[PDB]
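Heads up: the structure comes next, in structure tokens.
Numbers restart at 1 for each chain; the letters A, B, ... are given by sequence-line order, proteins then strands.
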Amino acid sequence: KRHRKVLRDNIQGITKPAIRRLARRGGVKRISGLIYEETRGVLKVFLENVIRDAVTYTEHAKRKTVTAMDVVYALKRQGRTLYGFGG
Amino acid sequence: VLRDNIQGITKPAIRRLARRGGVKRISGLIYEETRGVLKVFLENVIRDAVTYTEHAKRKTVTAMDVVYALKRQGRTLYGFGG
Amino acid sequence: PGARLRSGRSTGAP
Amino acid sequence: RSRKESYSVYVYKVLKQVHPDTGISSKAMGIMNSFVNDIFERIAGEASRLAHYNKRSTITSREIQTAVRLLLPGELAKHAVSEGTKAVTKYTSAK
Amino acid sequence: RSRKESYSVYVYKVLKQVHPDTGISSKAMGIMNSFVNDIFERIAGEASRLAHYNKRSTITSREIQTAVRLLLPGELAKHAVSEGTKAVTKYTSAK
Amino acid sequence: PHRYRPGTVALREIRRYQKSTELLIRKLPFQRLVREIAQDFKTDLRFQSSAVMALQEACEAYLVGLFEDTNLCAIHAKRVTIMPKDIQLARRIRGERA
Amino acid sequence: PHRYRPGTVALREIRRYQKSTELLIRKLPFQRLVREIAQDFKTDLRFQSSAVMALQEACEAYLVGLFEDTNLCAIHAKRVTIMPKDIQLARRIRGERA
Amino acid sequence: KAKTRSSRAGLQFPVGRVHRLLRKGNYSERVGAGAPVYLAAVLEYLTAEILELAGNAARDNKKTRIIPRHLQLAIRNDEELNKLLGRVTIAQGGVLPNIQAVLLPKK
Amino acid sequence: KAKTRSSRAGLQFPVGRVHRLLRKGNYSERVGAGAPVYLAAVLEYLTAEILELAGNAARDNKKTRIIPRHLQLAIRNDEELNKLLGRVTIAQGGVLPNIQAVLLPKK
DNA sequence: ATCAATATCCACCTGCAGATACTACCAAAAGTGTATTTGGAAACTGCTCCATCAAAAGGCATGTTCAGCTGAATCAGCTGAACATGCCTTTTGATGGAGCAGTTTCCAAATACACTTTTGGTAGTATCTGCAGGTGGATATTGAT
DNA sequence: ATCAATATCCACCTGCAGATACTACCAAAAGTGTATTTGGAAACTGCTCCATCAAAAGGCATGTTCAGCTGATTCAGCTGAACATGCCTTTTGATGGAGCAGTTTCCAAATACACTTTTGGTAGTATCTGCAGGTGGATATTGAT
Ligand SMILES: [Mg+2]
């Protein structure tokens with residue numbers, strides 16, 4: 001077959017500018033240079049926790065596809081209830 | 001010599017609570033601010049508890065009325081039932 | 001052969 | 001093409017009752033749908049628990065009513081209790 | 001004068017397996033009851049949801065296991081899952 | 001004539017009260033305050049003994065937690081004295097208001 | 001050549017991003033990050049495109065929320081520059097950590 | 001002479017559907033006649049409240065069609081809806097304009 | 001002739017009671033044979049884990065009777081139990097001795 | 001308080017994307033209107049345990065003296081904002097390939113249900129003892145000098 | 001340093017509150033035997049997700065430059081910590097009765113069934129239109145001077 005291209009270091013796709021923009025929506029005016037690596041850390045931990053629960057739902061359903069409902073159920077569990085994607 | 005029930009929550013008591021919480025020094029304004037927070041806590045919990053009591057058509061608030069109220073307010077308490 | 005804890009102790013035997 | 005149901009039709013009715021010249025995007029409608037299903041669960045859940053706490057096997061309008069009082073804040077509860085008390089009393093005395 | 005059930009008898013057996021020389025206060029035992037009831041509701045709860053999410057009428061060992069994976073941290077899950085797989089094994093092999 | 005310096009008894013209270021579990025508000029003033037606040041929801045109300053204890057336990061645990069978070073907010077501002085703005089920031093980030 | 005003073009474009013950006021709702025992280029980088037993290041938990045996973053968009057919507061709302069709490073932490077310390085210790089305190093008070 | 005329980009009760013929201021979802025959701029053994037009517041009425045009230053305020057946010061921003069931003073403005077600018085939905089993310093909502101005072105320039 | 005589902009499964013915890021509590025609890029229409037065995041095992045394990053560490057704590061304070069203080073110390077001194085019970089108040093437990101370093105005297 | 005660089009505003013002006021609005025249309029669900037089941041409000045009463053109220057006891061209100069903490073003012077170093085410049089990667093909008101969710105039909109396990117047999121777990125009770133006080137005397141800590 | 005005041009620590013003691021232990025009674029678990037319901041196994045869809053690629057805006061990286069923020073320093077004044085007393089409030093321990101909860105009784109209400117009828121979904125089709133995205137040109141904001 002083709003097998004998938006190796007995924008490494010994707011957390012660095014969360015660029016300094018993208019983190020500036022998020023901070024601006026959050027009302028931040030000045031940003032220490034250490035903030036970018038601290039945000040990447042926090043984001044990885046958030047995504048790992050949501051995805052681990054999404055994928056648990058996927059596995060319990062005996063599917064190989066993670067659905068929007070899987071994610072929504074994971075978010076609800078985590079007390080980050082999301083509107084706009086079902087349920 | 002009569003005073004408000006809330007001031008029954010005395011400076012030295014509030015000092016003791018702070019001390020369990022590892023506080024060394026306390027501004028004098030804290031004591032009224034703490035009473036403020038306390039009142040709101042008890043308001044929110046006793047309201048839901050009494051709402052349980054009224055639903056069970058009782059005239060007595062039970063430990064369970066309180067434990068059930070604490071649970072939905074996100075302050076689950078162990079040791080009084082449930 | 002009963003319950004095994006994280007510490008590595010067991011619940012006796014039978 | 002399995003019939004996947006929603007509250008859209010009703011949401012849109014109520015939109016026209018309150019803002020008769022106003023539309024809603026399908027995203028916004030997606031949000032309103034989540035909103036209804038969420039409040040539904042929260043109320044039903046409080047009610048389910050309320051009934052178990054009182055060793056009852058029936059969820060009546062009484063259990064819904066107390067659930068609304070626990071879940072909604074002050075004014076939204078007052079008005080929600082009105083519209084509910086009204087809807088029932090009317091449903092009952094329309095037979 | 002009616003029966004007020006608890007988990008006390010079981011908590012006390014498990015205590016004697018784990019700390020044979022050790023006792024437990026009335027208040028402590030009240031805390032262990034609250035504990036078991038809590039983790040009961042949390043696990044049954046998530047199981048119920050899991051069953052409902054997959055359009056199923058039935059809560060099996062599998063819904064309990066998934067629940068336990070979702071609810072217990074790191075090493076607690078791993079050990080709970082094996083104690084639970086084990087007890088089900090030992091019970092399925094009992095004439 | 002021997003006098004302990006400011007903050008030496010404070011540390012000693014901290015070590016003492018962190019070691020104990022006794023309730024730190026007097027029962028009767030607390031019972032009165034419950035019954036008052038309650039009165040404003042339903043009158044002629046009776047309270048099980050345990051019911052009032054459950055409230056005091058919860059309420060003291062809450063306030064002690066709050067003093068810990070408050071203390072971290074005071075220490076974050078490079079102080080050692082808790083103030084209203086500390087309690088207020090703790091409550092804000094916890095999601096209790098604002 | 002005429003420069004805006006430090007702060008003036010920052011405030012311009014706050015106004016601009018607070019007015020709008022568009023996701024602020026590039027779609028494709030974020031999708032790779034999701035596929036990487038998922039893949040390390042389970043190989044051979046696929047994703048509904050909506051599943052990823054839901055994750056992106058949930059992550060940006062969380063980070064924006066966290067920057068608001070972080071900024072309050074910086075301002076409590078009488079700064080206007082957020083630093084790690086602000087994020088750390090926000091998360092500790094949100095009970096997202098011990 | 002087939003009347004829907006909605007019409008009997010004077011509701012846009014579907015009392016049948018709500019009766020059934022209370023049935024299939026295993027909230028209780030049995031469900032009273034009142035329960036679905038009350039619940040459909042509360043859900044209808046709350047969706048009317050949100051559509052009133054989002055409708056107003058639509059008109060204020062010189063628009064005819066409510067989008068998620070309008071719902072976020074409605075909900076976040078209402079003390080009570082904001083509390084009801086204080087742990088809820090509205091996809092494509094954004095946030096309220098809000099700059100901390102100290103961050104604004106000059107003396 | 002009769003042998004408790006517990007005694008078959010290898011458990012102190014009551015498999016029978018857990019099955020009935022799953023029925024009377026409106027979790028689902030039906031309940032698999034194993035579900036209450038598993039659940040009872042998980043509750044026994046977690047009970048062992050907490051009585052283990054509480055026991056240790058009780059011993060350390062030169063004591064042979066577990067009290068709430070001993071429960072609170074075991075739980076709040078275990079990363080994993082502390083997370084599982086992060087939103088839980090153990091009545092009469094107190095807190096962990098913790099003085100912020102900057103609050104210690106200078107010499 | 002003048003001026004110019006550049007950001008921002010607002011009213012026009014398009015072309016769809018996405019909304020609205022027909023169908024016709026049907027399939028599943030809601031409703032109808034008896035046949036059957038039963039849960040819970042009703043009424044009664046007993047016996048807890050809750051409210052009240054009067055001696056026993058230490059905790060708290062108070063005002064004074066000052067240790068040391070907070071916050072104000074100042075200043076220099078250097079971090080982080082702005083922005084110009086170069087260009088890599090994401091966005092967009094196709095096409096083809098297939099993996100896999102999602103349905104719909106037999107059922108042989110599996111679990112529910114109705115009834116009977118058995119005993120584990122509860123509530124009185126009836127003893128047993130862990131440990132919270134209390135005392136004595138050694139040592140450590142704190143703060144004066 | 002020394003010197004003393006007070007706090008803290010460990011051994012030993014001992015009364016009884018609060019454990020552990022014991023018993024008979026019955027609610028609720030287990031056993032057996034039919035009575036229903038389900039949740040894979042097989043076997044097909046079309047849906048939709050992966051992939052790959054081409055062309056072009058659009059945002060990212062990096063280096064330069066300096067405004068102004070952070071945080072170190074110093075210092076004055078005010079604000080909380082400490083502390084010595086007695087009185088006022090709480091704590092303790094001893095009675096009347098509200099009302100919780102025990103329980104049985106019967107009907108109004110909810111289930112179960114199987115009809116008939118209508119709603120709400122969707123596919124398909126067209127049919128309309130709100131608004132995003134763009135473009136000038138008039139107007140506001142900022143920062144030099
Ligand atoms: Mg990898």
Who does [N] pair with, Watson-Crick or G-U, both distances under 3.5 Å?
{"N": "J:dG93", "result": "K:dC53"}
{"N": "K:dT111", "result": "J:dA35"}
{"N": "K:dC47", "result": "J:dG99"}
{"N": "K:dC10", "result": "J:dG136"}
{"N": "K:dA82", "result": "J:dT64"}
{"N": "K:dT142", "result": "J:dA4"}
{"N": "J:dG58", "result": "K:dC88"}
{"N": "J:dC106", "result": "K:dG40"}

Can you tell me which nucleotide in [options] comes closest to the side chain of [X]?
{"X": "E:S57", "options": "J:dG102, K:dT38, J:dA51", "answer": "K:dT38"}
{"X": "G:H2", "options": "J:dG80, K:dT91, K:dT142", "answer": "K:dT142"}
{"X": "E:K4", "options": "J:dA123, K:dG31, K:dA61", "answer": "J:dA123"}
{"X": "I:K1", "options": "J:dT32, K:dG31, J:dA30", "answer": "K:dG31"}
{"X": "H:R65", "options": "J:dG40, K:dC131, J:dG80", "answer": "K:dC131"}
{"X": "F:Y4", "options": "K:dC60, J:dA61, K:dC83", "answer": "K:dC83"}
{"X": "H:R17", "options": "K:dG120, K:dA7, K:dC50", "answer": "K:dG120"}
{"X": "F:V9", "options": "K:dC50, K:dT89, K:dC83", "answer": "K:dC83"}
{"X": "B:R16", "options": "K:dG121, K:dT119, J:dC60", "answer": "J:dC60"}

- prompt: Do we see a donor-acceptor contact under 3.5 Å between the side chains of B:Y31 and B:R15?
  reply: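 Yes - a donor-acceptor pair under 3.5 Å links their side chains.
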query: On DNA chain J, nearest-nucleotide positions of I:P105 versus H:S6: which is more 5'?
result: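 Checking each residue's closest nucleotide, the 5'-ward one belongs to H:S6.
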- request: Starting from the 5' end of DNA chain J, give me the residue, F:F47 or E:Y10, whose nearest nucleotide shows up first.
  value: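 Its nearest nucleotide lies further toward 5', so the answer is F:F47.
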- prompt: What about G:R5: does its side chain form a donor-acceptor pair under 3.5 Å with the base of K:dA67?
  reply: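 Not at all, since no donor on one side and acceptor on the other fall under 3.5 Å apart.
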query: Within the structure, does a side-chain N or O atom of B:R15 lie under 4.0 Å from either OP1 or OP2 of K:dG80?
result: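 So the side-chain polar atoms of B:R15 never come under 4.0 Å of the phosphate oxygens OP1 or OP2 of K:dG80.
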query: If only side-chain N and O atoms of E:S2 are considered, is one of them under 4.0 Å from the OP1 or OP2 phosphate oxygen of K:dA101?
result: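 For E:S2, the contact criterion (side-chain N or O under 4.0 Å from OP1 or OP2 of K:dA101) is not met.
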Protein-nucleotide distance (F:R79, atom CZ; K:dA81, atom P), rounded to Å: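 So the two atoms are 14 Å apart, to the nearest Å.
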- prompt: Angle class for the E:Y10/I:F13 ring planes (parallel below 30°, perpendicular above 60°, tilted otherwise)?
  reply: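 Rings of E:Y10 and I:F13: tilted, as their planes differ by 30° to 60°.
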Are [X] and [Y] close enough that some pair of their side-chain heavy atoms sits under 4.5 Å apart?
{"X": "F:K42", "Y": "B:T53", "value": "no"}
{"X": "G:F47", "Y": "G:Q31", "value": "no"}
{"X": "B:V61", "Y": "F:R46", "value": "no"}

